[PDB]
Structures are given as C-alpha cells and as structure tokens.
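We give structure tokens for two forms of one protein chain below, kept apart as structure 1 and structure 2.
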Structure 1
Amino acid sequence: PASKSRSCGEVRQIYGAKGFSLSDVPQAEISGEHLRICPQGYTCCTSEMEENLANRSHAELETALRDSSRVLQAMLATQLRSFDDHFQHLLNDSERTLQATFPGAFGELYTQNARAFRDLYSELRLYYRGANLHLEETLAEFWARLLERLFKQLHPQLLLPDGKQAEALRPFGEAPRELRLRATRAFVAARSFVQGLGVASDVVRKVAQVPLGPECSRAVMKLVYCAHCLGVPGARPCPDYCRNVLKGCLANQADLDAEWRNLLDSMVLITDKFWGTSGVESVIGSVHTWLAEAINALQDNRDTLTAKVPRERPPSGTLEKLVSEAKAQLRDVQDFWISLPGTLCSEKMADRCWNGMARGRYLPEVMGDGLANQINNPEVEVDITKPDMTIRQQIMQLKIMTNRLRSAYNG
C-alpha cells in the first residue's frame, strides 16, 4: 500500500496464502500503535498478523539453517564412510593377497606360520580402529617369534632349546625397518584423519541444534515481513542489512571459525603422511610386499645367518583420488561458519531495497564475524558475555582433535 493507495490487498493475499485467516487483515491501512516489533507507523498488520508472520519468518530461517547444516553433514558423513571403508579394504585386500600368493612363493615357510601373519593383520586392524597399542613393540615381537619359528623349521635336524642375538645381522634385511617406519606413520595418519572426519561430523550435528534467540527472532521478523506491514510487500531486504541481521543471529556459530579452520588445516596436512617420500605406494595396502621381501631376504641369508658360535606409487590410485576430492571438499567448507549469513542471504531472503525502516538504501557497515563483534550490531542486540555452552564444548572437541592430528603429523 504505497504509491497513493492504502488498500491492504497485497498484504491480505500474502498473509492468506501463508495459511492464516484473511479475516485478520484490516480492510485498509490502520494505525500502528500495537506493533511490538515492526517500527510503529501506519500498517496493514494486526497483533495476530505480526505474531504469525514472526513465527513464520523464524521457522523459515530455522529450515534454511538446518538444510545447509544437513548438506554439510551429509558431505562429511560420505567422506567418513569412504575413507574408513577404503582403509579397511586396503588392509583386508593386502591380507587376502598374502593368503593367496604366499603358499606358492614360500610354501611350508608360510603355511606353517599363517597364524602369525593373520595375527599381525588383526593387530594392525585393532591399531587402526584406535585400540591402544603401537607397532614398534608389536612388530618387534612378531619378528622375534617369526625368526624363531622359521629358524626351527629350516633346521628340523637340530633340536633348539633356549636367546638368539645374532639378529641385527638383519636376517630379514631392511624390510622390518621399512615396515616399522611406514606403518607407524601411515596407520596413525589414517586413523587420525578418519577420527577428524568423525569429530567434524559430530560437531556440525550438535551445533545444528543450537536454537535461535528471541532477539534474532524479532530482528528476522523486522528483516523479512516488516516491509509487508509498513506498506511495501514488494520490497526486498538489502544484502548488507540481511547480513548484519544474520551475523547477529549466528554469532555463536561463527565463533567456531578459528578451531574449525585449524582442524580442517591439520586434516588436509595429515593426508600427506599416507605415503612416504620415496615414490612408493601406501603401506596400508601393501604390508604383504614388505613381509614377502623380508622372507626372501631370510631365505637368501639362510647360509650366512646359520652361524652356530614395494611397487612404485601409481600416478593415480584410489587413495590419491579420494585425497584430492577430500581436500577439495574441505578447502570448500573451511569458511562455513562465517559464510552462513552471506549464503543464506544470497540464496533466499535478499535494485532499491528494504533497509527495515522503508524502501531505500542501507547505510550501516557490515559487522565483523563472531560474538564479540556483535556488541555494536544495530539490527540485533546481542549480549556478548553470554556464549552458548554447546558451541564452547564443540570448540573444545575441535581443539582436542586438532592437537591429536598435529601430534600424529609429527609422530
């Protein structure tokens, strides 16, 4: 009802098509005494209308927010499933390849020590799943016992009761060391990465449940439907206006920025540790190759030991493609918590525009990101001394996981 008409027709139709009584709409433009939210002036909105539209806009913002969150959560979840499943498959496939090829290559050497290898793979598996062990001692034990058994089997003629320190003549060659280093780096790398994906996923899932405040509700009502109430339903909110409003509403969520970026940075970094620097494939799916090399070494050092007294890394593999895609997706969503207002405004709510008093230009500067930066926010009045607890706990989770990944990166 501008341009020389006070008829509330369009406000009536819009308010009605939104599932509210058409009877509640005043026939013509009335006095605005009653308005709790919209600036007091001549309006087509009654109390019931204002409240209803407030509820509507609030619910709409909620829907948008949880939709975006749902997208992000879906992405992280699919990433998690993909990487976990692929690491497990690499290990399992290594084991199957060993079981299938070793009897031909080594015969009784392998077949009478199969449980040793199976046990080693089970230990590696437990180690990946997070059970608290480490490979140095486990592999050391493995190689000790394996050397014992293999030496016994090589020499049925001599009965050998017990303490063979002839080792570190390196009967198995360099393979035990290579396996030690590579497995130590790669498996904790993989585990920490997967753990990081899990943590990010849980953080998003939990943050999504943080409710919008009353201040935010009123500011959003003012942002969206106060244009309708003040006689300009065709008017749409100014981008910077919308952005200040949402920055006011989503300050707590925006406080996750620093630690989210830290976590995602360390997660991008840790993927490098999946491989070595020598142009060799990942040990996570090629343990059997090093085992086989160790056994070959032992065989061709059988005489010498007796003393009584790794295929090149493919240009592209599954893991590498997965890592590229993952790094793309993670670099893409590192800005999430502060990009929320911009994207939510750009997509849905937001060239002469509604500044919240009237149609026109919106002067005020866009606020910075984060709770503290909203102390002066003109559109939303936010108390900065009252942070949300859920957000804080999630930030702690991000801190912890990040530390885990930095340590994992170092070792």
Structure 2
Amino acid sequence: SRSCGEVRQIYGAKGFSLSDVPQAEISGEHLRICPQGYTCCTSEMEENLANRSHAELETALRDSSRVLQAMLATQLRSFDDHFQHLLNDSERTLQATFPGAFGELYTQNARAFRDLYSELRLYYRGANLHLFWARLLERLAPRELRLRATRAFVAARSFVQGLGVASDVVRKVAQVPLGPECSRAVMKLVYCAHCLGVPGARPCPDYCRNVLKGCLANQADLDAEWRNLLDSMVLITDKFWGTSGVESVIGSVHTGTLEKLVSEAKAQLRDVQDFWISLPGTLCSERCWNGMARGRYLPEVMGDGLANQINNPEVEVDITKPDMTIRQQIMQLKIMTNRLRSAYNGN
C-alpha cells in the first residue's frame, strides 16, 4: 500500500530523472492537471508526463496521416501514369503501324498530329480548357471526337486532381496542433492513473473516446465533405467503361489494367471513408480508470464533430471557434466534389 515503487519503475523507463520521485505518497494539492489527492507524482513529474502524453498522441496522429497520405499518393501516381501511358501509347500505336497504311497524307501531317496529341496532353494536365481542323482543312464525325474526348479526359483529370485534393487536405489538416485543454485532458486520461496510485490500470474505452473526440472534433467536421468527395470519386469511375467509356475514348482518338486499378482504388477508398471519425475508436482499441479512480465510466460517448462537443465532460470545447484551416480544406473538398459531379453529369 502507498507504493511509489512501481511508479518509480515506470517513470524511469521514460528516460526521466529517478531523483525526482518520492519514496512515499505526498500531498497532491499542488497538482495542476490530475485531480487533487495523495500522489507519487510531483509537479515536474506531472509536467513531464503531460509532455510525454502529448508527444504520444501527436506521434500517433502523425503516423496515421503519413499512412493515409502515402496510400493516396501511390493511387494518384498510379492512375496519372496509367492515363499518360494510355495516350502516349495511342500515339505510339499511331507511329508504328500508320506510315504506309494512311499513305503519304500521314507522312506530311505527322508533325501536326504530334502537335494534336501534345495539345491533348495539355488538356489532360488542365493547362488549357479551351478547345486543328481549320489548319488541316486549309492545308488539305469530328464533333463526336470533340464530345467523347472531352467526356473522358475531364473525368480522368477530375479523378487524378481529386486524389491530389484529398492528399492536400490530409497533409494540411495534419499540421493543426492540439489545444492546451486537450493536452491536459490527455494527461488526465493516460498518466494520471500512475500518479493517483493505480499505474497498472487501463483507462475506460468511453472515457478515452470522449477525450479523443473532444480533441479531434474539428478534424471530425471534415467527415461529410470527405465522404462526399470519396463518393463522387467512386462515381466518376463508372464513366470509364463501355464503348463510350473513358479508357476506350482515350485509346480511340486516332480512329484490363485500369479495371484492376479501379477495383483496388475502390477498396482503399471504402477503407478510408471512415477516417476522420475513426481515430478515437482506433487509438482506444490499441475495472477501468475513469480519471477519478478505478471504476465504471458514467457518461455516454459524445457524438462526432465540433458542435457535439459543447457538453463534452472530459474536454471543454469552444464551438464558436472553428479551426480556420479545417474549414478551408472543407471548402476545397466541396469545390473538388462539385467539379467531379459536373464532370460526371455532362458539363
């Protein structure tokens, strides 16, 4: 009973000084974060534990963000390269087989055709959205190419650009720092059990979830527009198939790999659609500590988002102060989603 021994054992494996830990429990009136009671932790010990917990949560969030961003980058590069190869090899197919087939009409105008495909590459890159036949006719059905090429290219470009926007939102949101009250609540969640005499106690799941939802609420606001974006990006792949399909059009300009990539992308995107609300449940998964002491955790789990954190017991959140960067990224999501929807619905 009244053991500072085990707390001393744990506190030293964090790298912290073993001189600062008392032999027995002292008066805990001086504790800023932890609820005041008899404790084995001093002020500096408590602060060090706070720093440690904050760094832990930060590290976890960073790692998760790195994983998501890596997946998105891989997908983006993959699809972009596949489309570029599709067009480049359409042009290559035009180079190898054509020269004697179309006669010498092709031989003289070959440079003009190369210029055409180059311009199409410019259209795929979104460099110029304005859309040769005059130059041809002067130097001497196309409207179907005019419609189809647009329909396909805007879809592919919107998909790639969409992945880019997702990656951008993840990356820029990842830079948002945690609040001081969040740090305090996290310290109260994790290492306050050690100070209060129950170092071997595991925190309650609902308690952890309320803390993490309190901290991450702003990030949780991204849910609706993130899901909308991913949904539209799933939908834009429906245009890829058929005689009027995207790949067939991109390949038919002069007149399966993409399928597997689309399936994989579908799986990976369905996996990450829960991302913004998933983090609290994920971290809490990998006779409990309710922050007062060992026992049951009374309060129910809060809903997701900033507004639902107004009554959050473990974290005091100001819902009239939305993070600006988050809302900016929300707008980015809504805009890209609108562009995808427009690209899908025919203009």
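Here, rigid core means the biggest group of C-alpha atoms that superpose within 1.5 Å across both forms. Numbers given to residues start at 1 and step along the sequence of structure 1.
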Answer among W275, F87, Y241, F336 for the CA shift between the two structures that reaches 2 Å or more, rigid core superposed = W275
Core aligned, does the CA of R182 move at least 2 Å between the two structures?
-> yes
Answer yes if the CA of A105 moves 2 Å or more between the two structures after aligning the rigid core, and no otherwise.
-> yes
After superposing on the rigid core, the Cα of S122 moves between the two structures by an amount in angstrom of 1.1
